[PDB]
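One structure below.
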Amino acid sequence: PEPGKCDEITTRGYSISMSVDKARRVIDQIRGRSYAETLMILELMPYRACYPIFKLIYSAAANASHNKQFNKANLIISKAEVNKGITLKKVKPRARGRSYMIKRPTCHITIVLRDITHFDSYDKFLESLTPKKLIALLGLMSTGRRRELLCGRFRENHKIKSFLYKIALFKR
Amino acid sequence: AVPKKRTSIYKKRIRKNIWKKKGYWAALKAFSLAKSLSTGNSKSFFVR
Amino acid sequence: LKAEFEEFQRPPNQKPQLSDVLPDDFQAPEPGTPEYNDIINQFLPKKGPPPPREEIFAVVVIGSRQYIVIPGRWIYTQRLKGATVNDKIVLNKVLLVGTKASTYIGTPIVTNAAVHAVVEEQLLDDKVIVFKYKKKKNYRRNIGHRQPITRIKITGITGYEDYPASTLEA
Amino acid sequence: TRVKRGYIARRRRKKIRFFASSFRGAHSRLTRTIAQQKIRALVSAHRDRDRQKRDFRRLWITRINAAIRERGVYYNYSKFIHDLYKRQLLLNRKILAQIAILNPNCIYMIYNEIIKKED
Amino acid sequence: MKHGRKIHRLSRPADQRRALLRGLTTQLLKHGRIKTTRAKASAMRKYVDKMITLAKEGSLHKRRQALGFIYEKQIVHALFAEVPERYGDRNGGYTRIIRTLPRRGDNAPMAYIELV
Amino acid sequence: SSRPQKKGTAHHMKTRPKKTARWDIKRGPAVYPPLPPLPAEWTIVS
Amino acid sequence: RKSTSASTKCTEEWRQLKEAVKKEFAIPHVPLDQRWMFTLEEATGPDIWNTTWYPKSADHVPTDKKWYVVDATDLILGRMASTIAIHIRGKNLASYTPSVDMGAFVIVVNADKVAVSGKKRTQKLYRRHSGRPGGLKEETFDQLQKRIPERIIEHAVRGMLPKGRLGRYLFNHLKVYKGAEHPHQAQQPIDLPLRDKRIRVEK
RNA sequence: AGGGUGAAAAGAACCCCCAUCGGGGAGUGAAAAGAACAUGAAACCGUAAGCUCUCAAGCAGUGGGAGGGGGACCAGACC
RNA sequence: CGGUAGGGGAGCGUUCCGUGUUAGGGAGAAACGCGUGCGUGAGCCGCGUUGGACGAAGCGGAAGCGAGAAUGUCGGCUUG
Ligand SMILES: [Mg+2]
Ligand SMILES: [Mg+2]
Ligand SMILES: [Mg+2]
Ligand SMILES: [Mg+2]
Ligand SMILES: [Mg+2]
Ligand SMILES: [Mg+2]
Ligand SMILES: [Mg+2]
Ligand SMILES: [Mg+2]
Ligand SMILES: [Mg+2]
Ligand SMILES: [Mg+2]
Ligand SMILES: [Mg+2]
Ligand SMILES: [Mg+2]
Ligand SMILES: [Mg+2]
Ligand SMILES: [Mg+2]
Ligand SMILES: [Mg+2]
Ligand SMILES: [Mg+2]
Ligand SMILES: [Mg+2]
Ligand SMILES: [Mg+2]
Ligand SMILES: [Mg+2]
Ligand SMILES: [Mg+2]
Ligand SMILES: [Mg+2]
Ligand SMILES: [Mg+2]
Ligand SMILES: [Mg+2]
Ligand SMILES: [Mg+2]
Ligand SMILES: [Mg+2]
Ligand SMILES: [Mg+2]
Ligand SMILES: [Mg+2]
Ligand SMILES: [Mg+2]
Ligand SMILES: [Mg+2]
Ligand SMILES: [Mg+2]
Ligand SMILES: [Mg+2]
Ligand SMILES: [Mg+2]
Ligand SMILES: [Mg+2]
Ligand SMILES: [Mg+2]
Ligand SMILES: [Mg+2]
Ligand SMILES: [Mg+2]
Ligand SMILES: [Mg+2]
Ligand SMILES: [Mg+2]
């Protein structure tokens with residue numbers, strides 16, 4: 024079926040007491056980074072948000088180890104996002120009988136860790152082939168093995184997708 | 002003085018991105034510092 | 068069955084190996100061999116040669132507009148009243164007949180020239196929104212218009228030969 | 002019998018919004034704005050279906066002018082056209098402009114006919 | 011502006027900043043090493059060295075000048091014992107400053123000032 | 048100053064363009080000889 | 048650093064595949080020189096005869112265009128500048144399009160010998176304004192022509208070019224030199240046709 | 001002012017991250033519907049993929065459409 | 001066969017009632033999302049890797065029956 028089933032662990036923190044903007048400031052830096060680098064960075068960052076985000080990422084790495092069997096060395100943070108949570112309002116008095124509204128923003132954070140090495144067989148093997156060679160090699164195998172070969176990250180990384188549907192190499 | 006209008010979506014996204022870029026320079030300092038404490042050779046620095 | 072096998076193997080065993088989906092049986096056909104070129108012809112076809120048409124074109128008047136018609140091609144016009152699908156019409160207003168050896172220029176019309184066409188369809192055009200609006204007078208009117216249209220195919224341009232040609236002859 | 006307005010509103014709105022796809026900014030978001038923007042769109046559209054007919058004639062005439070001015074030192078659009086008419090040819094301006102770009106030799110021929118007869 | 015104004019303000023008025031510095035140096039001489047903010051450290055150097063250089067001479071005059079800086083007598087006497095022993099050959103420069111991880115509460119840069 | 052200006056429609060009356068010259072007024076569309084009768088637009092061939 | 052890793056290799060190869068197949072089935076370009084009504088290939092294509100011809104990318108490409116030289120000595124400023132504007136704009140080609148640059152390059156040489164009628168040499172006034180108040184500056188035509196004479200013809204032609212993006216981009220096609228010599232000999236300039244009667248002044 | 005997890009609490013044993021909260025597996029269940037739980041529009045906040053903006057003046061559209069991309073079966077069309 | 005104030009003619013839709021404990025519907029209803037479909041338009045007809053139990057058409061009836069403006073109003077969410 025899809026790459027998302029093979030490579031991915033998803034972890035949601037719910038209701039962290041960071042406001043979405045603050046937390047975003049940290050999450051933008053760790054997007055696309057090796058799990059190692061992201062660790063040490065998040066240990067030494069000045070921001071407050073860094074600590075909850077840290078607990079989160081450590082967790083998601085543990086999940087990829089103990090659940091789906093991945094190597095921690097090969098984890099990168101592939102997709103990370105922060106969405107707004109439930110806002111708690113409180114009213115405080117101002118000068119001269121006026122009030123004002125304080126919001127105590129929460130957030131959900133979603134980190135999606137993605138193994139690099141998984142698929143590497145098909146990956147490098149398909150890199151090995153020139154563009155003609157590959158089409159000659161795919162002239163043998165049934166619809167089954169075609170779909171099984173090319174179901175790696177390959178078609179996306181090199182941007183072949185709409186080309187191969189045009190070469191009649193596939194069915195949708 | 003007040004805001005005669007409301008700030009348009011895209012411009013606001015640009016200003017807040019500017020404020021998010023400081024996170025980029027902070028992440029660089031943090032990385033360099035980590036690689037300095039990761040050799041245990043610094044006599045100017047201390048951790049416990 | 069190789070789909071079920073490789074999917075049950077990518078299901079059961081996580082981290083798939085290349086040797087299982089593609090066995091060591093297939094070397095691929097050599098890049099210079101006929102068995103290579105049949106496949107590479109199938110999947111990457113060479114552009115086929117263009118269909119033959121006459122080298123000729125006419126300029127004909129239909130519904131008081133003037134079209135350039137080349138044979139084998141279909142054009143859109145005003146509905147022709149009392150035309151049915153699969154009708155052989157002849158267009159008799161022909162201003163200009165070009166050929167790459169000749170050009171016939173009517174005064175006004177090329178005499179005896181006829182353009183044989185066949186009415187392939189009767190349509191309604193892409194709906195145009197006619198919209199009448201006046202600010203502050205609180206008046207807007209939304210009205211669609213679909214024009215009836217006739218889609219016809221030019222087959223041949225004939226009966227010019229006798230008429231005097233001119234040429235650029237240097 | 003109480004009647005909530007229900008979906009009758011949001012269908013209308015949604016069908017309007019479909020129109021306004023690819024409008025920059027809040028012309029693609031807020032319904033209230035989107036309304037106006039829809040009207041103005043439809044309006045300009047109507048206007049320029051009329052401008053169009055003016056404009057291509059503009060164009061064609063211009064191209065014809067250029068195409069002829071190449072031949073004689075003294076020759077114009079005006080002179081040409083006048084001669085097309087006193088020779089009784091019906092070719093309109095779209096056609097002479099298209100034959101000007103796409104078959105330039107043809108227009109040279111036409112000019113040679115007009116001259117021969119005006120001679 | 012300030013051109014050539016060399017003093018460390020520590021964001022306190024004169025009175026408080028004096029008292030602060032007296033305090034911090036009695037702490038340094040009592041414990042031998044301490045943890046503070048980089049600013050406070052860099053400022054504290056001068057007065058540490060003043061006390062040390064003071065005790066190298068030992069006269070009743072000098073000792074009275076130290077007593078009127080440091081807060082606790084005991085520390086002063088200890089100084090006028092220890093220093094000729096420990097620092098006799100060191101001509102100036104008696105403090106190490108080893109900086110650390112910043113503070114959690116405010117992100118104030120920290121540091122470790124040692125009596126060397 | 049004892050003279051006024053021309054505001055609004057007054058000004059338009061004054062300034063709008065006019066051909067005064069008797070020769071340009073009396074002009075007109077060119078007279079072209081009639082066309083020979085033209086054939087039938089489109090005929091049905093059965 | 049250009050990575051020669053199998054990945055980027057692969058990608059470039061593939062992209063030349065896409066480009067190859069897109070080139071083979073696409074309709075060929077036939078330039079406009081004795082270009083007859085249609086090629087047997089276009090005949091399968093869209094309808095280009097019953098719509099107005101609009102230029103495609105292969106046409107206007109900068110490297111093609113004509114170059115012209117105007118010797119401006121004893122020419123009359125305005126009358127020449129109109130000609131120049133026409134050619135730069137492209138209004139003299141059958142292929143003219145308002146939205147595109149079909150024009151030529153024009154090289155003006157001897158820009159200090161350009162001639163002007165009547166008292167203009169001393170009367171005509173080139174003004175430019177700082178943007179501060181009291182910031183107005185004025186030159187007579189002659190002060191200008193002794194100081195930086197190219198600016199006179201640039202300033203007269205830029206007036207007659209369209210204004211706005213295409214206008215400015217057009218204005219770069221006007222190359223002006225004060226001496227009788229231009230360093231464009233490589234571009235093989237043709238001379239400029241002038242159909243005006245009054246453009247040549249005689250003393 | 002604050003209504004609607006499921007038919008039934010069967011309200012999630014056990015392992016992992018783990019100071020708790022929170023989560024990921026396993027297990028329950030027709031479905032996770034997972035307790036802030038039933039359909040879940042808009043504003044608003046983002047994330048990814050396609051095309052594109054840093055000489056530019058503009059109620060932001062519209063008629064013309066360069067170049068680039070996408071899903072087709074009337075492949076000359078549509079987006 | 002331009003059109004404001006304004007008058008007349010012809011229609012569409014919403015919820016409910018009659019036909020009706022209707023036709024149809026866990027072989028997926030309402031709703032929600034989509035359309036190279038059809039209307040002068042209000043809208044209709046078709047479609048769904050959403051949704052989980054109702055409910056058309058026709059021929060009629062009734063109204064808490066159609067919203068962008070009320071410094072309207074109540075919730076939600078922005079801007080600063
Ligand atoms: Mg009070
Ligand atoms: Mg207040
Ligand atoms: Mg009114
Ligand atoms: Mg009700
Ligand atoms: Mg109501
Ligand atoms: Mg658009
Ligand atoms: Mg302060
Ligand atoms: Mg005091
Ligand atoms: Mg005090
Ligand atoms: Mg000193
Ligand atoms: Mg006056
Ligand atoms: Mg005026
Ligand atoms: Mg007149
Ligand atoms: Mg659990
Ligand atoms: Mg505890
Ligand atoms: Mg728990
Ligand atoms: Mg489970
Ligand atoms: Mg089960
Ligand atoms: Mg819900
Ligand atoms: Mg500029
Ligand atoms: Mg630019
Ligand atoms: Mg601009
Ligand atoms: Mg009327
Ligand atoms: Mg009225
Ligand atoms: Mg209905
Ligand atoms: Mg209904
Ligand atoms: Mg109902
Ligand atoms: Mg029933
Ligand atoms: Mg349905
Ligand atoms: Mg209902
Ligand atoms: Mg319906
Ligand atoms: Mg109905
Ligand atoms: Mg049920
Ligand atoms: Mg009924
Ligand atoms: Mg009511
Ligand atoms: Mg409202
Ligand atoms: Mg409100
Ligand atoms: Mg805000």
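Residue numbers (full-length UniProt numbering), protein chains in the order written: chain W, 24 to 195; chain Y, 2 to 49; chain B, 68 to 237; chain Z, 2 to 120; chain L, 11 to 126; chain E, 48 to 93; chain V, 48 to 250.
We put the CB at the ideal spot given by N, CA and C, even for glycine.
- Secondary structure in the segment 86 to 111 of chain W: no alpha helix (DSSP H) run of 4 residues or longer lies completely within the stretch.
- Look at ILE80(L) here: in three-state DSSP terms it is coil, with no helix or strand label.
- Residue-level contact by beta carbon holds for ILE183(W) and chain V, with a gap shorter than 7 angstroms.
- Relative to ligand 2, even the nearest heavy atom lies 6 angstroms or more away from the CB of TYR104(L).
- In the three-state DSSP reduction, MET84(V) falls in the coil class, being neither helix nor strand.
- CA-to-CA, the gap between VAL156(V) and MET84(V) works out to about 40 angstroms.
- Here DSSP, grouped into helix, strand and coil, assigns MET54(L) to helix.
- At least 7 angstroms separates the CB of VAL127(B) from every CB of chain W.
- For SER142(V), no alpha helix (DSSP H) segment is defined, and its DSSP state is neither H nor E.
- Contacts between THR91(V) and chain B, judged by CB atoms closer than 8 angstroms, involve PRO117, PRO118 in chain order.
- Judged by DSSP secondary structure, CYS174(W) falls outside any beta strand (DSSP E); it is assigned neither H nor E.
- For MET120(L), the beta-bridge partners assigned by DSSP are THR47(L).
- Using beta-carbon distances, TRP70(E) does not count as an interface residue toward chain B, since no partner is under 7 angstroms.
- Contact between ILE35(Z) and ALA46(Z) does not hold, since the beta-carbon distance rounds to 16 angstroms and is not under 8 angstroms.
- Secondary structure in the segment 159 to 229 of chain B: the beta strand (DSSP E) runs of 3 residues or longer, each lying completely within the stretch, are 161 to 165, 170 to 172, 181 to 191, 195 to 201, 206 to 212, 215 to 225 in chain order.
- Collapsing the DSSP output to three states places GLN235(V) in coil.
- Residues of the segment 80 to 93 of chain Z whose Cβ lies closer than 9 angstroms to any Cβ of chain E, in chain order: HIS83, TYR86, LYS87, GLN89, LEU91.
- C-alpha of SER144(W) to C-alpha of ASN90(W): approximately 22 angstroms in a straight line.
- Excluding its 5 nearest sequence neighbours in each direction, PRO196(V) has C-beta neighbours in its own chain below 6 angstroms: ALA158, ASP159, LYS225, listed in chain order.
- For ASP51(W), the nearest beta carbon of chain Y is closer than 7 angstroms to its own beta carbon.
- Straight across, the Cα-Cα distance linking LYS155(B) with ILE221(B) is about 10 angstroms.
- At a threshold of 6 angstroms, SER23(Z) counts as near ligand 6, since its beta carbon sits closer than that to one of the ligand's heavy atoms.
- The straight-line gap separating the alpha-carbon atoms of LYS50(L) and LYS56(V) is approximately 58 angstroms.
- For the segment 84 to 148 of chain B, the full-length beta strand (DSSP E) segments reaching 3 residues or more read 124 to 129, 132 to 136, 141 to 145 along the chain.
- Neighbours of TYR25(Y) across chain W, judged by C-beta separation under 9 angstroms: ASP51, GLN52.
- For the segment 93 to 108 of chain Z, residues whose beta-carbon sits nearer than 9 angstroms to a beta-carbon of chain B comprise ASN93, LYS95, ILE96, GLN99, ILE100, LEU103, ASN104, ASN106, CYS107.
- The beta carbon of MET207(V) lies closer than 7 angstroms to those of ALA128, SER129, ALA132 in the same chain, with the five residues before and after it left out.
- Our two residues, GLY78(L) and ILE64(W), have alpha carbons roughly 48 angstroms apart in a direct line.
- About 7 angstroms separates the beta carbon of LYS147(W) from that of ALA53(V), a gap short enough to meet the 8 angstroms contact definition.
- For the pair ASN117(L) and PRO75(W), the CB atoms are not nearer than the 7 angstroms cut-off.
- Proximity of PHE186(W) to chain V, defined by a Cβ-Cβ separation below 7 angstroms, is satisfied.
- Only residues of its own chain outside the window of five on either side were considered, and among them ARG178 have a CB closer than 7 angstroms to the CB of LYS184(W), listed in chain order.
- For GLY36(W), the uninterrupted beta strand (DSSP E) run begins and ends at 31 to 39, by DSSP.
- Neighbours of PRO69(W) in chain Y, taken as residues at a C-beta separation under 9 angstroms, are given in chain order as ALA27, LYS30, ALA31.
- Burial of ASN104(Z) is indicated by the presence of at least 16 other C-beta atoms within 10 angstroms of its C-beta.
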